[PDB]
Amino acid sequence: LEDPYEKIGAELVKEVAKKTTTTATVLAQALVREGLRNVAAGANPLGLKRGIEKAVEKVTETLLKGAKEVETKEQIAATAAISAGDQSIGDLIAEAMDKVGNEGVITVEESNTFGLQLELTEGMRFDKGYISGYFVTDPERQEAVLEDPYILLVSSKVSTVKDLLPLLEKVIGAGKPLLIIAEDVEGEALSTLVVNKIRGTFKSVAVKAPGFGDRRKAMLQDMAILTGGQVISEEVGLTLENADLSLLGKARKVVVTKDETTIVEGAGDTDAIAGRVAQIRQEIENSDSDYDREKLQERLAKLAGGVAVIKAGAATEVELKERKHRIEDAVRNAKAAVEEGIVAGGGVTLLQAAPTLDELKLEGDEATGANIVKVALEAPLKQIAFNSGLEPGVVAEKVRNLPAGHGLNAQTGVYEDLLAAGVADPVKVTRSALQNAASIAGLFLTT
């Protein structure tokens, strides 16, 4: 017996949570559900809202405090282990993470041998995707992939053709593909690119150069040095209309997604790349302004860290797929666990955070909004036990009474330390999930 009016809300919250999950939705649905219930009893939608927010801030802290850290390769490997359901894969990720460090570029690649192989190379990644989604090549992943690409680096906009075709020709005359990173690519240069690309006459991609202004020119310089090319900036005697392939950097493979370009390989001497690396260590030392050291460490990281490449073997392209996926997922989990740490999954951490909300003194509407969150904190667990075909109220009461870290495991069915068991979660994820559920829920009780 579910109230029609609540059901219609339920579905409006779900159809939203989609766009911005399973935890977050079930968690939102609960919040909104208790929301409408108290809004109907004459309660300020706003007061219930701010009250929720305070509750969520407080639970957040409590979750970040009571979070098991993940630092040793050994631990790290275990986290990735779970995320992929394979010890072999987690160890290879932990290896890679150790080599290039937790925050390093770790891509995964379709090897033709079989098994699982780790290789390191140079390259870097920046948060700038393709200009047009028409530059795409693997529709399912929504990525463009160039192979043995020439790299055009331009410190201005590109929109004419009169300066493009000189270069373009000389590049198709090599039967090589091309990545161009410029201030921007505007139509007549964007369309000549996207078009020749479908004609199949010319494969390529265009990406907005990262940053703004002068730092932007230094990051293009960076890329030239890490690619073996020279930045095209007519301001210093280097015409676009006049450029032999000599001015373009090369690499092994480029990969552009909706928001990040990855170059893999080089591309400039070990000398030059060392030179740049040092010079940047210099600026770092000779600066007393913290911003520039931030942005410098940043440039350094990409330039110095290089790229870890995980190689996977297979025979069905579908397996190659499922594999690439599984690994990629384990990476992002690994990285997230190394940042706020890790916590018992199963929705137990959340349901056992509820009693932290008594340390909170609020009055009326903001106090109810707090107690609403307190009830929602159990939704994820209760929801799981329901799919498990167990008794929601009943499981919420057999867990509300157990050691901090133990609850229902729907794999075995055996109430145990869920952390032990490898039912865990990166706490970033549990904290994100609550926060969104609480924005969504807030917005609802207000619009």
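Just count from 1 along the sequence shown to find any residue number.
Q: If you average the CA temperature factors as listed in the entry, which stretch comes out higher, 255-263 or 290-298?
A: It is 290-298 that shows the higher mean C-alpha B-factor.
Q: Which is higher on average in the deposited entry, the C-alpha temperature factors of 428-436 or of 10-18?
A: Comparing 428-436 with 10-18, the higher average CA B-factor belongs to 10-18.
Q: Could you check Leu360, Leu220, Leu152, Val309 and tell me which one carries the biggest Cα B-factor in the deposited entry?
A: So the option with the highest C-alpha B-factor is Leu360.
Q: Please pick out which of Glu319, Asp148, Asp184, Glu328 has the largest Cα B-factor as recorded in the entry.
A: The listed residue with the largest C-alpha B-factor is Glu319.
Q: Would you mind ranking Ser111 by its C-alpha B-factor against the rest of the chain and naming the third, lowest, middle or highest?
A: For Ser111, whose C-alpha B-factor we compare with every modelled residue in the chain, the answer is the highest third.
Q: Looking at the entry's B-factor column for C-alpha atoms only, identify whether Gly345 ranks in the lowest, middle or highest third of its chain.
A: CA B-factor rank for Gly345: lowest third.
Q: Could you tell me which third, lowest, middle or highest, the C-alpha B-factor of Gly422 occupies within its chain?
A: Highest third.
Q: For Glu378, return the chain-relative third of its C-alpha B-factor as stated in the PDB record: lowest, middle or highest.
A: Middle third - that is where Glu378 ends up once the chain's C-alpha B-factors are sorted.
Q: Ordered by C-alpha B-factor within the chain, which third holds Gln29? Give me lowest, middle or highest, please.
A: CA B-factor rank for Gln29: lowest third.
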